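Q: My questions will all concern the structure given below.
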Amino acid sequence: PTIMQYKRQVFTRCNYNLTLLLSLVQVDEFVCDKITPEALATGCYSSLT
Amino acid sequence: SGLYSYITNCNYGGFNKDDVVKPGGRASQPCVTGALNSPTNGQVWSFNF
Amino acid sequence: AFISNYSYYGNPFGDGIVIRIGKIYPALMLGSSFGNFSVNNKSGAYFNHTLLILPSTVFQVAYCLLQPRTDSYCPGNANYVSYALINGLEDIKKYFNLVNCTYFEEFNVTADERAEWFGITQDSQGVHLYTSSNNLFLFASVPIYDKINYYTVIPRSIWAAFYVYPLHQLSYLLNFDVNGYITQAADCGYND
Amino acid sequence: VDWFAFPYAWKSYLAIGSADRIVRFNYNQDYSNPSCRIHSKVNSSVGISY
Amino acid sequence: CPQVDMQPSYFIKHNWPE
Ligand SMILES: *[C@@H]1O[C@H](CO)[C@@H](O[C@@H]2O[C@H](CO)[C@@H](O)[C@H](O)[C@H]2NC(C)=O)[C@H](O)[C@H]1NC(C)=O
Ligand SMILES: *[C@@H]1O[C@H](CO)[C@@H](O[C@@H]2O[C@H](CO)[C@@H](O)[C@H](O)[C@H]2NC(C)=O)[C@H](O)[C@H]1NC(C)=O
Ligand SMILES: *[C@@H]1O[C@H](CO)[C@@H](O)[C@H](O)[C@H]1NC(C)=O
Ligand SMILES: *[C@@H]1O[C@H](CO)[C@@H](O)[C@H](O)[C@H]1NC(C)=O
Ligand SMILES: *[C@@H]1O[C@H](CO)[C@@H](O)[C@H](O)[C@H]1NC(C)=O
Ligand SMILES: *[C@@H]1O[C@H](CO)[C@@H](O)[C@H](O)[C@H]1NC(C)=O
Ligand SMILES: *[C@@H]1O[C@H](CO)[C@@H](O)[C@H](O)[C@H]1NC(C)=O
Ligand SMILES: *[C@@H]1O[C@H](CO)[C@@H](O)[C@H](O)[C@H]1NC(C)=O
């Protein structure tokens, strides 16, 4: 996607695998707020966007 | 593939009011419509929506 | 059909709306831009992707781009007056061609004869559909990230009535009873 | 002092909020004591080899 | 397209505040 027309997907009622997202990419940086990648990987949410 | 771009301006009306994106939002349809028909040299294109 | 000129209105959506039903369950068209049809200059056109909520009780909910038909008495024709419903989606298809659809779901809710509430709001996670105690509860979320600015009531023929109220960022005190329902509330800024 | 060779490009893996395989199976920095993680380029003129 | 008879006046008599 472009930045002016970026994509969004909202995930509900499903099980996620964050290792799968990260194992596919080379992380340059991450900027987290009130969460860490470690926690992002294991918590339960009402939704994930 | 294709062109990757961002909006540099999107003011409107007789008061030149910047159609600014709100947190969690996106460029409005008028801004996307405009920008996609704008030149890539950063030049202001005028149109009616 | 026997209708009023509801299709000519593009009512501000604002933050969201709630609807008191009382019973034809109301059909709505919602979108980011509203104006006239280019052939007949009648108000009622929506541009780009439009959200259509058409009860028939199950809700048919679609997010499609509308391309008005040009046949006689269609929105792209000079002799056009207004579109109306009399499945709801098939009646819409008589006036508009539905293209570029990104979303379509059918919600079986299971409503009763009694008075009913329905609501629509929008935030970063999409358009949230609420339904009814008379408390509104979330029943569906629609993945629309294009801000809705206007809504239109789609005229219908078969009397019945419903009321549409705007929502605002108000502060309320909510009193919950023993069954976990809100039985009364205070709109803090209403009176002393 | 703890030390090892590590690509500068991977400094985000070797980071406080991460839990990648870099941290889980190799180096997990302790934070109970005051500390500082220094990423630096060492020239061969200093005697460093790899 | 179906023909519609649009007569907005009829829908005023059913007005009832809620
Ligand atoms: C979460 O996703 C990871 C992939 O990122 C899964 O790990 C892989 O498992 C397969 C076997 O099924 C191995 O062949 C791969 O080499 C593993 N890849 C990595 C990076 O470890 C992991 O099993 C998934 N977790 C769950 C609970 O299914
Ligand atoms: C949003 O809708 C408007 C109106 O339908 C689109 O504008 C038209 O786009 C087509 C295709 O490029 C042109 O042939 C028409 O001449 C345009 N009409 C006008 C009045 O500009 C607009 O492109 C749509 N924007 C997006 C992002 O989908
Ligand atoms: C709809 O019809 C009423 C007549 O009852 C009229 O006053 C009103 O201006 C009309 N609205 C539009 C948008 O044409
Ligand atoms: C629709 O047409 C009327 C004239 O009949 C005009 O006053 C109005 O501004 C037009 N609406 C739009 C959105 O162009
Ligand atoms: C629908 O989307 C396709 C691209 O997927 C585009 O070529 C076409 O012009 C669009 N039509 C409308 C009405 O937006
Ligand atoms: C609605 O009911 C139909 C038929 O029983 C079923 O196929 C469909 O999956 C149901 N949808 C929902 C959202 O319950
Ligand atoms: C709620 O409060 C009432 C008193 O107003 C009491 O009689 C009732 O048992 C309470 N119910 C619960 C679930 O606490
Ligand atoms: C790096 O080491 C090389 C080889 O010893 C030496 O020629 C060079 O001057 C050193 N450069 C720096 C920046 O120390």
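Identifiers in this document derive from the order of the structure tokens: chains are assigned A, B, ..., residues are numbered from 1 separately in each chain, and ligands are numbered from 1 in order of occurrence.
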Kindly work out which residues sit at most 6 Å from ligand 3, using only C-alpha atoms and all ligand atoms, and give the list as a list in words.
A: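 Answer in the requested format: residues 5, 8 and 9 of chain C; 8 and 9 of chain E.
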Q: Step by step, measure atom-to-atom distances between ligand 1 and each residue using only C-alpha atoms and all ligand atoms, keep those at most 6 Å, then write them as a VMD selection string.
A: chain A and resid 17 19 to 20 23
Q: Let's have the selection written as a tab-separated table (two decimals), in the first residue's frame, with N, CA and C atoms.
A:
```
chain	number	residue	atom	x	y	z
A	17	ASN	N	-0.54	-15.39	15.57
A	17	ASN	CA	0.85	-15.82	15.69
A	17	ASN	C	1.76	-14.66	15.26
A	19	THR	N	4.97	-14.35	15.92
A	19	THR	CA	6.25	-14.87	15.47
A	19	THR	C	6.20	-15.01	13.96
A	20	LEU	N	5.05	-15.41	13.45
A	20	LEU	CA	4.87	-15.56	12.02
A	20	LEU	C	5.04	-14.24	11.28
A	23	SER	N	8.94	-13.29	11.78
A	23	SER	CA	9.90	-14.22	11.18
A	23	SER	C	10.01	-14.00	9.68
```
Q: May I have the residues within 10 Å of ligand 6, computed using only C-alpha atoms and all ligand atoms, as a list in words?
A: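 Listing the residues within 10 Å of ligand 6 gives residues 58, 59, 105, 106, 107, 108, 109, 110, 139 and 140 of chain C.
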Q: Check which residues fall inside 7 Å of ligand 8 when counting only C-alpha atoms and all ligand atoms, and print them as number ranges by chain.
A: D: 43-45
Q: In Å to one decimal, how far is CA of residue 163 (chain C) from CA of residue 6 (chain E)?
A: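 If I compute the distance from CA of residue 6 (chain E) to CA of residue 163 (chain C), I get 20.3 Å.
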Q: Set the cut-off to 10 Å, count only C-alpha atoms and all ligand atoms, and list whatever residues fall near ligand 2 as a list in words.
A: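 Those within range of ligand 2 are residues 5 of chain A; 27, 28, 29, 30, 31, 32, 33, 34, 35, 36, 37, 47, 48 and 49 of chain B; 32, 33, 38, 45, 46, 47, 48, 49, 65, 66 and 67 of chain C.
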Q: With only C-alpha atoms and all ligand atoms counted, collect every polymer residue having an atom within 7 Å of ligand 4; state the result as a ChimeraX atom specification.
A: /C:34-36,41-43
Q: Enumerate as a ChimeraX atom specification the residues within 8 Å of ligand 7, counting only C-alpha atoms and all ligand atoms.
A: /C:177-179
Q: Taking N, CA, C and O atoms for each residue, export the selection above as a compact mmCIF listing (two decimals), in the first residue's frame.
A:
```txt
# COMPACT_ATOMS: atom_id res chain seq x y z
N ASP C 177 -29.28 -2.16 36.95
CA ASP C 177 -30.12 -2.91 37.88
C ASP C 177 -29.51 -4.27 38.20
O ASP C 177 -28.36 -4.55 37.84
N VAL C 178 -30.29 -5.11 38.89
CA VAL C 178 -29.85 -6.42 39.34
C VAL C 178 -29.63 -7.41 38.21
O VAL C 178 -29.00 -8.45 38.41
N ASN C 179 -30.18 -7.12 37.03
CA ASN C 179 -30.07 -8.02 35.90
C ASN C 179 -28.98 -7.55 34.96
O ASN C 179 -28.75 -8.14 33.91
```
Q: Quick one: distance from CA of residue 56 (chain C) to CA of residue 101 (chain C) in Å, one decimal?
A: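 It comes out at 19.9 Å.
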Q: Excluding region 4-18 of chain B and residues on its chain fewer than 6 positions from it, collect all residues at most 6 Å away from it, counting only C-alpha atoms, and give them as a ChimeraX atom specification.
A: /A:2-4 /B:31
